[PDB]
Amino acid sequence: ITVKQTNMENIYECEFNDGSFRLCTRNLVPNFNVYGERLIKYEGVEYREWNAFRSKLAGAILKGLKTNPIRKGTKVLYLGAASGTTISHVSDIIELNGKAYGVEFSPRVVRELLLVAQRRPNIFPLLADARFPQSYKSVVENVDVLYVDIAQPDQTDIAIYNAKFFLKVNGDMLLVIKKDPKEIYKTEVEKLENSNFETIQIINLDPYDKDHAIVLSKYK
């Protein structure tokens, strides 16, 4: 067993007895589990395993996300917070001086997002529809990063609408979308952003997620 700093701030790797690598974040709340994930103890510090099969972001890292905009002190707006699997990890990376605002629509799911945010002072949970940023505008703040993961046919403009409210100029957005070319494949969404954004990377999430891809962008 061993734990190693990656390319990216606050993101680590475990080396295992069996010969496999797993992604890894430093636990902001020692001894306390989040979603069944394993706790690992290396050199006095406790790390939470980051399962790439459950989390799209961990997926992207291993699929070769070049630069990760989520670092220490980062302010993030996370649309589609769900039960808290992946924001819990951004909260680890962000550390205490960063802030994660988590928007979620579904009552059942939100109820579990409360448990996570109660123990994590940098997570601010909101039951709200991401279609109406005017309904949490009175609570949030401008952010460095817009993370967006909804299962909606119109994720992009929704993301764009949110961006013009909340994203700092020269901030970044990660958007979760539904072989020999580069990004002709995704011109529809590629272009629609370009009317005001700047693509840096499109990542296919196979075999971690076999339904979705990720777009990293830059707001001009």
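One rule holds for the numbers: they count along the sequence shown, beginning at 1.
As recorded in the PDB entry, how many deposited residues are without coordinates between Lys178 and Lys179: none, 1 to 3, 4 to 9, or 10 or more? Missing residues, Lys178 to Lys179: 4 to 9.
Per the entry, where is the mean C-alpha temperature factor higher: 124 to 132 or 146 to 154? Higher mean C-alpha B-factor in the PDB entry: 146 to 154.
Should the higher mean CA B-factor in the entry be assigned to 52 to 60 or to 191 to 199? Stretch with the higher mean C-alpha B-factor: 191 to 199.
Lowest, middle or highest third of the chain for the C-alpha temperature factor of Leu167? CA B-factor rank for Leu167: lowest third.
Ranking every modelled residue in this chain by its Cα temperature factor as given in the entry, which third contains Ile70? Middle third - that is where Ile70 ends up once the chain's C-alpha B-factors are sorted.
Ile184: which third of its chain by C-alpha temperature factor? It belongs to the highest third of the chain when residues are ordered by C-alpha B-factor.
Record-listed C-alpha B factor of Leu174: chain third: Within its chain, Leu174 is a middle-third residue by C-alpha B-factor, going by the deposited values.
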